Amino acid sequence: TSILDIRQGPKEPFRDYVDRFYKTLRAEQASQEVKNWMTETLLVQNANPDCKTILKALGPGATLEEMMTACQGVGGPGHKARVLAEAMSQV
Amino acid sequence: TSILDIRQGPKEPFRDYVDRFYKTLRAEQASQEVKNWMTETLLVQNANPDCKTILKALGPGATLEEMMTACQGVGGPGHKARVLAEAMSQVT
Amino acid sequence: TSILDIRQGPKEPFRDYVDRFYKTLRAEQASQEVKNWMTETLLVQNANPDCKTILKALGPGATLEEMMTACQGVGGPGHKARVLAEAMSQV
Amino acid sequence: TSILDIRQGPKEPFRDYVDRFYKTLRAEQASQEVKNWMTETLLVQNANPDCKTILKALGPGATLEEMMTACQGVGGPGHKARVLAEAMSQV
Amino acid sequence: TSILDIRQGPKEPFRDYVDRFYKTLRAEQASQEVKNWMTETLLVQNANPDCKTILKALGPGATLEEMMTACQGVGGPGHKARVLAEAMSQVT
Amino acid sequence: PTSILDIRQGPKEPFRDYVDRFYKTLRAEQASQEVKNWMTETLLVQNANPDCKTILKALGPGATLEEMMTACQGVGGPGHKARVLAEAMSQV
């Protein structure tokens with residue numbers, strides 16, 4: 001089990017995935033500075049395309065509490081229809 | 001386990017999220033006065049965007065009996081379909 | 001587990017919700033006359049909007065066998081298609 | 001547990017509903033003659049609306065293996081598409 | 001249980017259904033010859049309509065490796081959408 | 001026993017999950033390490049379901065694991081389905 005193998009499933013909630021990332025990062029023998037750097041590059045990189053498109057729109061300086069509120073809609077009745085009703089228009 | 005970590009899943013029913021919120025609130029090293037203030041602030045802010053839009057429409061003064069009866073359709077056949085319809089009308 | 005705390009989930013079938021309602025009602029500490037009054041009022045009130053809209057059409061006098069026969073379509077293919085078409089043709 | 005309570009869920013496959021009916025039927029206290037009359041009346045009556053409109057179109061005489069083959073499509077990814085298409089053309 | 005009662009669920013994958021079929025066939029009390037005749041007739045008849053439509057297009061002489069590879073798309077995003085289209089176009 | 005040749009991706013299974021089973025199974029196969037590398041290049045990309053295969057077929061040769069898996073973790077998601085469903089109706 002290595003921190004680099006943790007990826008968000010295609011239908012996994014972002015809350016459930018952020019917990020596995022931290023659950024794993026508590027075992028990987030490394031320095032605190034490294035673990036913080038890990039948290040700053042892998043977390044948003046290894047997210048699924050749905051959450052990734054939303055986390056990029058926020059930009060830098062966003063904390064967990066700011067992402068974890070912007071992604072708890074992914075997979076809800078509002079999202080699936082907002083996206084679905086767009087691909088119809090886009091094509 | 002902290003009360004601030006309890007969020008409503010994107011597909012979780014509101015009834016289940018309210019249970020965890022209160023299930024987690026009754027074991028917090030907080031005062032009774034604080035736990036009431038927590039209930040009023042955290043409960044509605046940590047709901048997913050589907051329940052929130054519905055709750056934010058009721059306004060202040062709504063009890064759990066009024067909120068939960070208004071959200072138990074979220075994710076159901078009627079609610080899902082209605083949303084999709086208004087998604088084709090707003091964009092066409 | 002109070003009796004007033006039993007509600008019908010959004011995706012939960014009616015058969016399953018009624019089972020929990022009675023499972024919990026049998027454990028309540030109260031009199032028989034009260035328990036029957038509970039069933040008459042709470043059972044249809046704590047139901048989700050879909051089963052509720054179909055129950056308010058049967059009206060009063062419907063039995064626990066007429067209701068369940070009227071709601072076991074909720075959440076099925078025939079139901080979902082019927083609910084979706086009616087909404088699309090409205091806007 | 002009584003044979004008259006067994007009902008097909010709104011999303012339950014038809015194979016898994018016939019399995020519980022007979023699992024329950026073999027336990028009900030009655031004679032074989034009464035159990036054969038239960039099967040002809042209850043089994044089809046307690047089916048959900050989707051697995052019922054199909055059976056009502058075979059008519060009498062169709063055995064179990066004749067029905068189960070007619071109902072194993074309900075809920076498949078080709079059944080919904082068919083039901084959903086007629087609903088639109090009806091409004 | 002008896003091999004004649006093994007059917008493919010409406011939402012079950014073909015891969016998962018061929019395992020119970022063979023798992024059951026290895027338990028059915030018959031001769032090894034009657035078992036090959038079972039596999040050649042029942043395995044396809046007891047499949048759900050979605051997979052059956054794909055299998056009856058290939059024809060005779062197709063091996064499990066060819067069938068299983070042709071049905072592991074049933075129930076997927078591309079497959080679902082592909083069926084919902086021909087119906088909509090060949091209807092409304 | 002399980003043969004590496006029978007590990008196929010379910011019609012509704014995440015690529016991450018199917019990859020893990022492939023490697024969990026390949027670690028046990030009694031082949032030689034030279035035969036296992038050849039297995040990884042042929043079977044893994046061949047025994048995938050049609051939804052992931054069409055995308056891997058686009059990456060082309062020279063694609064590492066970290067590149068494939070990042071390309072497939074969207075399959076089965078809202079953005080994916082809506083995009084695949086939108087072209088089906090457009091192609092017909």
# chains A, B, ... in the order shown; residues from 1 in each chain; ligands from 1
>>> interface_residues(of="chain D", to="chain E", cutoff="8 Å", atoms="only C-alpha atoms", output="PyMOL selection string")
chain D and resi 13+15+69+72-78+81-82+85-86+88-89
>>> calpha_fit_and_write(fixed="chain A", moving="chain D", output="PDB file with C-alpha atoms, in the first residue's frame")
ATOM      1  CA  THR D   1       0.038   0.005  -0.015  1.00  0.00           C
ATOM      2  CA  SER D   2       1.585   3.265  -1.239  1.00  0.00           C
ATOM      3  CA  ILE D   3       0.175   6.787  -1.325  1.00  0.00           C
ATOM      4  CA  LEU D   4       0.715   6.934  -5.100  1.00  0.00           C
ATOM      5  CA  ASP D   5      -1.827   4.147  -5.739  1.00  0.00           C
ATOM      6  CA  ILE D   6      -4.804   5.870  -4.081  1.00  0.00           C
ATOM      7  CA  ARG D   7      -7.176   6.992  -6.840  1.00  0.00           C
ATOM      8  CA  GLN D   8     -10.785   8.137  -6.742  1.00  0.00           C
ATOM      9  CA  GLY D   9     -13.233   5.681  -8.251  1.00  0.00           C
ATOM     10  CA  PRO D  10     -15.487   6.900 -11.063  1.00  0.00           C
ATOM     11  CA  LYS D  11     -18.560   6.809  -8.787  1.00  0.00           C
ATOM     12  CA  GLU D  12     -16.877   7.133  -5.377  1.00  0.00           C
ATOM     13  CA  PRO D  13     -18.003  10.186  -3.344  1.00  0.00           C
ATOM     14  CA  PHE D  14     -15.302  12.807  -2.815  1.00  0.00           C
ATOM     15  CA  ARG D  15     -15.585  12.533   0.983  1.00  0.00           C
ATOM     16  CA  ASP D  16     -14.800   8.802   0.865  1.00  0.00           C
ATOM     17  CA  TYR D  17     -11.737   9.355  -1.361  1.00  0.00           C
ATOM     18  CA  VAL D  18     -10.199  12.007   0.897  1.00  0.00           C
ATOM     19  CA  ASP D  19     -10.711   9.629   3.824  1.00  0.00           C
ATOM     20  CA  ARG D  20      -8.604   6.870   2.248  1.00  0.00           C
ATOM     21  CA  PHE D  21      -5.925   9.304   1.050  1.00  0.00           C
ATOM     22  CA  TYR D  22      -5.289  10.534   4.591  1.00  0.00           C
ATOM     23  CA  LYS D  23      -5.777   7.048   6.026  1.00  0.00           C
ATOM     24  CA  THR D  24      -3.001   6.006   3.632  1.00  0.00           C
ATOM     25  CA  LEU D  25      -0.928   9.178   4.032  1.00  0.00           C
ATOM     26  CA  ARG D  26      -0.605   8.758   7.809  1.00  0.00           C
ATOM     27  CA  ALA D  27       1.013   5.350   7.144  1.00  0.00           C
ATOM     28  CA  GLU D  28       3.496   6.215   4.379  1.00  0.00           C
ATOM     29  CA  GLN D  29       7.102   6.377   5.583  1.00  0.00           C
ATOM     30  CA  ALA D  30       8.228   9.996   5.170  1.00  0.00           C
ATOM     31  CA  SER D  31       8.668  13.245   7.077  1.00  0.00           C
ATOM     32  CA  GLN D  32       5.881  15.753   7.677  1.00  0.00           C
ATOM     33  CA  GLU D  33       7.297  18.164   5.083  1.00  0.00           C
ATOM     34  CA  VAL D  34       7.186  15.470   2.398  1.00  0.00           C
ATOM     35  CA  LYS D  35       3.637  14.531   3.423  1.00  0.00           C
ATOM     36  CA  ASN D  36       2.429  18.132   3.120  1.00  0.00           C
ATOM     37  CA  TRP D  37       3.851  18.283  -0.415  1.00  0.00           C
ATOM     38  CA  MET D  38       2.112  14.991  -1.247  1.00  0.00           C
ATOM     39  CA  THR D  39      -1.241  16.427  -0.144  1.00  0.00           C
ATOM     40  CA  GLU D  40      -1.024  19.489  -2.405  1.00  0.00           C
ATOM     41  CA  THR D  41      -0.008  17.507  -5.509  1.00  0.00           C
ATOM     42  CA  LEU D  42      -1.454  13.994  -5.200  1.00  0.00           C
ATOM     43  CA  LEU D  43      -4.853  14.659  -3.606  1.00  0.00           C
ATOM     44  CA  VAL D  44      -6.179  16.761  -6.494  1.00  0.00           C
ATOM     45  CA  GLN D  45      -4.272  14.872  -9.200  1.00  0.00           C
ATOM     46  CA  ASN D  46      -5.766  11.467  -8.340  1.00  0.00           C
ATOM     47  CA  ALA D  47      -9.357  12.757  -8.343  1.00  0.00           C
ATOM     48  CA  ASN D  48     -11.791  11.587 -11.005  1.00  0.00           C
ATOM     49  CA  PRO D  49     -12.644  13.889 -13.934  1.00  0.00           C
ATOM     50  CA  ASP D  50     -15.863  15.177 -12.339  1.00  0.00           C
ATOM     51  CA  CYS D  51     -14.373  16.082  -8.942  1.00  0.00           C
ATOM     52  CA  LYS D  52     -11.456  17.653 -10.864  1.00  0.00           C
ATOM     53  CA  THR D  53     -13.020  20.145 -13.285  1.00  0.00           C
ATOM     54  CA  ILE D  54     -14.782  21.710 -10.283  1.00  0.00           C
ATOM     55  CA  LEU D  55     -11.563  22.015  -8.265  1.00  0.00           C
ATOM     56  CA  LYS D  56      -9.638  23.408 -11.240  1.00  0.00           C
ATOM     57  CA  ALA D  57     -12.179  26.273 -11.177  1.00  0.00           C
ATOM     58  CA  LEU D  58     -11.603  27.353  -7.573  1.00  0.00           C
ATOM     59  CA  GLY D  59      -7.883  27.820  -8.183  1.00  0.00           C
ATOM     60  CA  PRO D  60      -5.139  27.850  -5.568  1.00  0.00           C
ATOM     61  CA  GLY D  61      -5.685  28.750  -1.935  1.00  0.00           C
ATOM     62  CA  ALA D  62      -8.955  26.892  -1.381  1.00  0.00           C
ATOM     63  CA  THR D  63      -8.634  24.669   1.679  1.00  0.00           C
ATOM     64  CA  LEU D  64     -10.120  21.186   2.046  1.00  0.00           C
ATOM     65  CA  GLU D  65     -13.430  22.218   3.635  1.00  0.00           C
ATOM     66  CA  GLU D  66     -13.648  24.705   0.747  1.00  0.00           C
ATOM     67  CA  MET D  67     -13.276  21.937  -1.857  1.00  0.00           C
ATOM     68  CA  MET D  68     -15.318  19.202  -0.164  1.00  0.00           C
ATOM     69  CA  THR D  69     -18.296  21.561  -0.057  1.00  0.00           C
ATOM     70  CA  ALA D  70     -17.806  22.182  -3.785  1.00  0.00           C
ATOM     71  CA  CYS D  71     -17.635  18.467  -4.659  1.00  0.00           C
ATOM     72  CA  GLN D  72     -20.372  16.985  -2.464  1.00  0.00           C
ATOM     73  CA  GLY D  73     -22.871  17.591  -5.282  1.00  0.00           C
ATOM     74  CA  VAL D  74     -21.191  15.260  -7.764  1.00  0.00           C
ATOM     75  CA  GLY D  75     -23.374  12.192  -8.204  1.00  0.00           C
ATOM     76  CA  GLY D  76     -26.374  13.782  -6.507  1.00  0.00           C
ATOM     77  CA  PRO D  77     -29.692  13.783  -8.378  1.00  0.00           C
ATOM     78  CA  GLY D  78     -29.240  17.453  -9.339  1.00  0.00           C
ATOM     79  CA  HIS D  79     -25.711  17.105 -10.679  1.00  0.00           C
ATOM     80  CA  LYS D  80     -26.425  14.508 -13.382  1.00  0.00           C
ATOM     81  CA  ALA D  81     -29.351  16.586 -14.660  1.00  0.00           C
ATOM     82  CA  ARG D  82     -27.017  19.566 -15.129  1.00  0.00           C
ATOM     83  CA  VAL D  83     -24.197  17.655 -16.855  1.00  0.00           C
ATOM     84  CA  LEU D  84     -26.658  15.812 -19.100  1.00  0.00           C
ATOM     85  CA  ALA D  85     -28.303  19.062 -20.241  1.00  0.00           C
ATOM     86  CA  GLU D  86     -25.113  20.708 -21.514  1.00  0.00           C
ATOM     87  CA  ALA D  87     -24.050  17.553 -23.368  1.00  0.00           C
ATOM     88  CA  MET D  88     -27.237  17.686 -25.454  1.00  0.00           C
ATOM     89  CA  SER D  89     -26.869  21.401 -26.235  1.00  0.00           C
ATOM     90  CA  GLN D  90     -23.282  20.682 -27.373  1.00  0.00           C
ATOM     91  CA  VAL D  91     -24.360  18.342 -30.205  1.00  0.00           C
TER      92      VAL D  91
END
>>> residues_around(residues="residue 5 of chain F", least_positions_apart="3", cutoff="10 Å", atoms="only C-alpha atoms", output="mmCIF file with N, CA and C atoms, in the first residue's frame")
data_model
loop_
_atom_site.group_PDB
_atom_site.id
_atom_site.type_symbol
_atom_site.label_atom_id
_atom_site.label_comp_id
_atom_site.auth_asym_id
_atom_site.auth_seq_id
_atom_site.Cartn_x
_atom_site.Cartn_y
_atom_site.Cartn_z
ATOM 1 N N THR F 2 -7.444 -20.432 -10.721
ATOM 2 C CA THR F 2 -7.787 -19.351 -11.634
ATOM 3 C C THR F 2 -6.641 -19.149 -12.616
ATOM 4 N N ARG F 8 -11.445 -11.161 -16.706
ATOM 5 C CA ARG F 8 -12.039 -10.187 -17.606
ATOM 6 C C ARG F 8 -12.666 -9.063 -16.793
ATOM 7 N N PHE F 22 -6.257 -8.323 -12.066
ATOM 8 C CA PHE F 22 -5.293 -8.823 -13.042
ATOM 9 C C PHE F 22 -3.929 -9.044 -12.401
ATOM 10 N N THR F 25 -3.887 -11.671 -9.717
ATOM 11 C CA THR F 25 -3.913 -13.002 -10.310
ATOM 12 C C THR F 25 -2.597 -13.333 -11.004
ATOM 13 N N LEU F 26 -1.989 -12.349 -11.672
ATOM 14 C CA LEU F 26 -0.737 -12.592 -12.382
ATOM 15 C C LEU F 26 0.401 -12.907 -11.422
ATOM 16 N N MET F 39 2.346 -11.082 -20.927
ATOM 17 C CA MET F 39 0.943 -11.151 -20.535
ATOM 18 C C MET F 39 0.384 -9.756 -20.276
ATOM 19 N N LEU F 43 -2.914 -9.171 -22.584
ATOM 20 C CA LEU F 43 -4.187 -9.528 -21.962
ATOM 21 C C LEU F 43 -4.857 -8.319 -21.315
ATOM 22 N N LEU F 44 -4.095 -7.513 -20.572
ATOM 23 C CA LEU F 44 -4.690 -6.410 -19.822
ATOM 24 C C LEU F 44 -5.480 -5.481 -20.735
ATOM 25 N N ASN F 47 -8.531 -7.821 -22.490
ATOM 26 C CA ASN F 47 -9.625 -8.304 -21.661
ATOM 27 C C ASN F 47 -10.380 -7.181 -20.962
#
>>> select_by_dssp(residues="segment 18-87 of chain F", states="helix (DSSP H, G or I)", output="ChimeraX atom specification")
/F:18-26,33-46,50-59,65-72,78-87
>>> interface_residues(of="chain F", to="chain E", cutoff="12 Å", atoms="only C-alpha atoms", output="count of residues only")
38
>>> atom_distance(atom1="atom CA of residue 33 of chain E", atom2="atom CA of residue 56 of chain E")
24.1 Å
>>> atom_distance(atom1="atom CA of residue 18 of chain E", atom2="atom CA of residue 19 of chain F")
21.6 Å
>>> atom_distance(atom1="atom CA of residue 59 of chain B", atom2="atom CA of residue 41 of chain B")
13.2 Å
>>> decode(residues="segment 40-69 of chain C", atoms="N, CA and C atoms", output="PDB file, in the first residue's frame")
ATOM      1  N   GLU C  40     -53.635   4.932  11.199  1.00  0.00           N
ATOM      2  CA  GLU C  40     -54.547   5.673  10.336  1.00  0.00           C
ATOM      3  C   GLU C  40     -53.965   7.018   9.919  1.00  0.00           C
ATOM      4  N   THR C  41     -53.181   7.653  10.792  1.00  0.00           N
ATOM      5  CA  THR C  41     -52.651   8.990  10.536  1.00  0.00           C
ATOM      6  C   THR C  41     -51.211   8.955  10.032  1.00  0.00           C
ATOM      7  N   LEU C  42     -50.314   8.312  10.783  1.00  0.00           N
ATOM      8  CA  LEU C  42     -48.889   8.394  10.475  1.00  0.00           C
ATOM      9  C   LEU C  42     -48.538   7.640   9.195  1.00  0.00           C
ATOM     10  N   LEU C  43     -49.118   6.452   8.995  1.00  0.00           N
ATOM     11  CA  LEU C  43     -48.654   5.561   7.932  1.00  0.00           C
ATOM     12  C   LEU C  43     -48.621   6.256   6.574  1.00  0.00           C
ATOM     13  N   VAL C  44     -49.682   6.997   6.233  1.00  0.00           N
ATOM     14  CA  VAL C  44     -49.742   7.698   4.948  1.00  0.00           C
ATOM     15  C   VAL C  44     -49.086   9.073   4.998  1.00  0.00           C
ATOM     16  N   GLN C  45     -48.860   9.633   6.190  1.00  0.00           N
ATOM     17  CA  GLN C  45     -48.252  10.956   6.294  1.00  0.00           C
ATOM     18  C   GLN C  45     -46.736  10.904   6.120  1.00  0.00           C
ATOM     19  N   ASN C  46     -46.075   9.917   6.723  1.00  0.00           N
ATOM     20  CA  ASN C  46     -44.625   9.786   6.630  1.00  0.00           C
ATOM     21  C   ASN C  46     -44.170   9.094   5.350  1.00  0.00           C
ATOM     22  N   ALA C  47     -45.050   8.936   4.365  1.00  0.00           N
ATOM     23  CA  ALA C  47     -44.674   8.324   3.100  1.00  0.00           C
ATOM     24  C   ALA C  47     -44.065   9.364   2.166  1.00  0.00           C
ATOM     25  N   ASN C  48     -43.231   8.891   1.240  1.00  0.00           N
ATOM     26  CA  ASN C  48     -42.565   9.791   0.316  1.00  0.00           C
ATOM     27  C   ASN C  48     -43.566  10.365  -0.688  1.00  0.00           C
ATOM     28  N   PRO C  49     -43.239  11.504  -1.306  1.00  0.00           N
ATOM     29  CA  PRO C  49     -44.226  12.177  -2.168  1.00  0.00           C
ATOM     30  C   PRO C  49     -44.798  11.293  -3.262  1.00  0.00           C
ATOM     31  N   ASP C  50     -44.034  10.321  -3.763  1.00  0.00           N
ATOM     32  CA  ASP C  50     -44.523   9.484  -4.857  1.00  0.00           C
ATOM     33  C   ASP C  50     -45.649   8.569  -4.382  1.00  0.00           C
ATOM     34  N   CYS C  51     -45.376   7.733  -3.376  1.00  0.00           N
ATOM     35  CA  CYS C  51     -46.421   6.879  -2.818  1.00  0.00           C
ATOM     36  C   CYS C  51     -47.572   7.703  -2.254  1.00  0.00           C
ATOM     37  N   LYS C  52     -47.280   8.908  -1.761  1.00  0.00           N
ATOM     38  CA  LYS C  52     -48.315   9.752  -1.171  1.00  0.00           C
ATOM     39  C   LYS C  52     -49.298  10.242  -2.228  1.00  0.00           C
ATOM     40  N   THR C  53     -48.783  10.717  -3.364  1.00  0.00           N
ATOM     41  CA  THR C  53     -49.655  11.185  -4.435  1.00  0.00           C
ATOM     42  C   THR C  53     -50.553  10.067  -4.945  1.00  0.00           C
ATOM     43  N   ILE C  54     -50.051   8.831  -4.949  1.00  0.00           N
ATOM     44  CA  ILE C  54     -50.856   7.696  -5.379  1.00  0.00           C
ATOM     45  C   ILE C  54     -51.796   7.221  -4.278  1.00  0.00           C
ATOM     46  N   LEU C  55     -51.516   7.554  -3.016  1.00  0.00           N
ATOM     47  CA  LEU C  55     -52.408   7.150  -1.935  1.00  0.00           C
ATOM     48  C   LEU C  55     -53.561   8.128  -1.754  1.00  0.00           C
ATOM     49  N   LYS C  56     -53.331   9.421  -1.996  1.00  0.00           N
ATOM     50  CA  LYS C  56     -54.400  10.406  -1.894  1.00  0.00           C
ATOM     51  C   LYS C  56     -55.440  10.263  -2.998  1.00  0.00           C
ATOM     52  N   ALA C  57     -55.191   9.414  -3.994  1.00  0.00           N
ATOM     53  CA  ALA C  57     -56.185   9.121  -5.020  1.00  0.00           C
ATOM     54  C   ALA C  57     -57.137   8.015  -4.584  1.00  0.00           C
ATOM     55  N   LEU C  58     -56.634   7.015  -3.855  1.00  0.00           N
ATOM     56  CA  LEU C  58     -57.510   5.979  -3.318  1.00  0.00           C
ATOM     57  C   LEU C  58     -58.532   6.567  -2.354  1.00  0.00           C
ATOM     58  N   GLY C  59     -58.156   7.615  -1.626  1.00  0.00           N
ATOM     59  CA  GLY C  59     -59.050   8.256  -0.695  1.00  0.00           C
ATOM     60  C   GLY C  59     -59.204   7.455   0.579  1.00  0.00           C
ATOM     61  N   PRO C  60     -60.195   7.807   1.390  1.00  0.00           N
ATOM     62  CA  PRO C  60     -60.438   7.066   2.628  1.00  0.00           C
ATOM     63  C   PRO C  60     -61.154   5.750   2.360  1.00  0.00           C
ATOM     64  N   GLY C  61     -61.007   4.833   3.313  1.00  0.00           N
ATOM     65  CA  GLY C  61     -61.570   3.508   3.192  1.00  0.00           C
ATOM     66  C   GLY C  61     -60.657   2.492   2.545  1.00  0.00           C
ATOM     67  N   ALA C  62     -59.570   2.930   1.916  1.00  0.00           N
ATOM     68  CA  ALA C  62     -58.613   1.997   1.339  1.00  0.00           C
ATOM     69  C   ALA C  62     -57.924   1.206   2.444  1.00  0.00           C
ATOM     70  N   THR C  63     -57.692  -0.075   2.184  1.00  0.00           N
ATOM     71  CA  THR C  63     -57.120  -0.979   3.168  1.00  0.00           C
ATOM     72  C   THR C  63     -55.624  -1.151   2.937  1.00  0.00           C
ATOM     73  N   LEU C  64     -54.972  -1.790   3.911  1.00  0.00           N
ATOM     74  CA  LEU C  64     -53.542  -2.058   3.824  1.00  0.00           C
ATOM     75  C   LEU C  64     -53.194  -2.978   2.662  1.00  0.00           C
ATOM     76  N   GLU C  65     -54.186  -3.607   2.033  1.00  0.00           N
ATOM     77  CA  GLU C  65     -53.970  -4.426   0.848  1.00  0.00           C
ATOM     78  C   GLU C  65     -54.210  -3.667  -0.448  1.00  0.00           C
ATOM     79  N   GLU C  66     -55.085  -2.659  -0.432  1.00  0.00           N
ATOM     80  CA  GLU C  66     -55.294  -1.830  -1.612  1.00  0.00           C
ATOM     81  C   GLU C  66     -54.153  -0.836  -1.796  1.00  0.00           C
ATOM     82  N   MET C  67     -53.641  -0.280  -0.696  1.00  0.00           N
ATOM     83  CA  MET C  67     -52.511   0.642  -0.779  1.00  0.00           C
ATOM     84  C   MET C  67     -51.286  -0.049  -1.363  1.00  0.00           C
ATOM     85  N   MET C  68     -50.893  -1.182  -0.776  1.00  0.00           N
ATOM     86  CA  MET C  68     -49.678  -1.864  -1.210  1.00  0.00           C
ATOM     87  C   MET C  68     -49.779  -2.320  -2.659  1.00  0.00           C
ATOM     88  N   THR C  69     -50.980  -2.672  -3.120  1.00  0.00           N
ATOM     89  CA  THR C  69     -51.158  -2.999  -4.530  1.00  0.00           C
ATOM     90  C   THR C  69     -51.055  -1.762  -5.412  1.00  0.00           C
TER      91      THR C  69
END
